[PDB]
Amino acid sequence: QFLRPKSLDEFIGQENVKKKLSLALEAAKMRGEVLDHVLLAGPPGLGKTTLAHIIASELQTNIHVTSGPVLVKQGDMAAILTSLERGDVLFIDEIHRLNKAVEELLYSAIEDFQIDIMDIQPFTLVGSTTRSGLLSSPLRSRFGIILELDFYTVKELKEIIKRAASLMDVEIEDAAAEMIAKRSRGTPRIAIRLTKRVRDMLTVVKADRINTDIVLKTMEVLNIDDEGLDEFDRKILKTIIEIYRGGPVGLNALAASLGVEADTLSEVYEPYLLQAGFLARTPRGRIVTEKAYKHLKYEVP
């Protein structure tokens, strides 16, 4: 995890998020008070986990990691709550997936810091979700700080790439870093994994630095096109084009045809497809745009 930022000063991008978090985080440290609960929302790979760890580290408290789909019985949640020390961070990934059982108990420990009277040390709840709207109304109004992360710019991603390459002790030319950033689908996690693969090409071809040639060879091997779309991205668009005539097609129907969970489609793949203008959502369902037809070389109906 030597590539993960350890402080906000090492976190490139998300300027609005950082200025908001920094304000409340520094104020709380200065007062020796427990930070207000924070909600981190946005597509995966954008640094929500990273920020959660940064928060605990800045407050100099312990972070307790867990996720909604794991805490089934109240006992599971109860144990974690009691292990919390004053000022500790309770980080819950996919918090919108907490079953009513543990959700009620969590909400309870937040209203007065005491579960059914049997006592909980004041703590900071930091939840993570792809869509803040997926959270229940009750728990939603519990976070005093809501941070919405959107995709990064190509410039920010390029900077993240150069930073990663330097840490892996490998030289890379600006134009090459730009090329990778343009194909990272607005996501730091994607950009870093791509940089590692390009690093492997640099190793096999025995080059002194990553250039455009090395990047293009890597992308052909990985099957990533000039827009950064991978095999499944294209499969989604092609399926809508061929099986559904460009759409509109419902989320459930599309998911069934692709053999994947609707969630993985709407929370993981569609976000960027919508942002990049390849897909659009209508009341009747998802539809492909003219840009997708042309990018994939299909005659525009």
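Start at 1 with the first residue shown and count on from there.
*Asks:* Tell me which of 219-227 and 119-127 has the higher mean C-alpha B-factor in the deposited entry.
*Replies:* It is 119-127 that shows the higher mean C-alpha B-factor.
*Asks:* Averaging only over Cα atoms, indicate whether 101-109 or 176-184 has the higher B-factor in the PDB entry.
*Replies:* Mean B over CA atoms: larger for 101-109.
*Asks:* Among the choices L134, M201, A191, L147, identify the one whose CA B-factor in the record is greatest.
*Replies:* That would be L134, according to the entry.
*Asks:* Just grab whichever of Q114, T153, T195, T212 has the top CA B-factor as deposited.
*Replies:* Max CA B-factor in the entry, restricted to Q114, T153, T195, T212: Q114.
*Asks:* Could you place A164 in the lowest, middle or highest third of its chain by Cα temperature factor, using the values in the record?
*Replies:* For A164, whose C-alpha B-factor we compare with every modelled residue in the chain, the answer is the middle third.
*Asks:* Ranking every modelled residue in this chain by its Cα temperature factor as given in the entry, which third contains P271?
*Replies:* Lowest third, going by the recorded CA B-factors of the chain.
*Asks:* C-alpha B factor of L59, ranked within the chain: lowest, middle or highest third?
*Replies:* CA B-factor rank for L59: middle third.
*Asks:* For the chain shown, is the CA B-factor of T66 in the lowest, middle or highest third of its modelled residues?
*Replies:* Top third by C-alpha B-factor.
*Asks:* By the record's CA B-factor, is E261 among the lowest, middle or highest third of residues in the chain?
*Replies:* For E261, whose C-alpha B-factor we compare with every modelled residue in the chain, the answer is the highest third.
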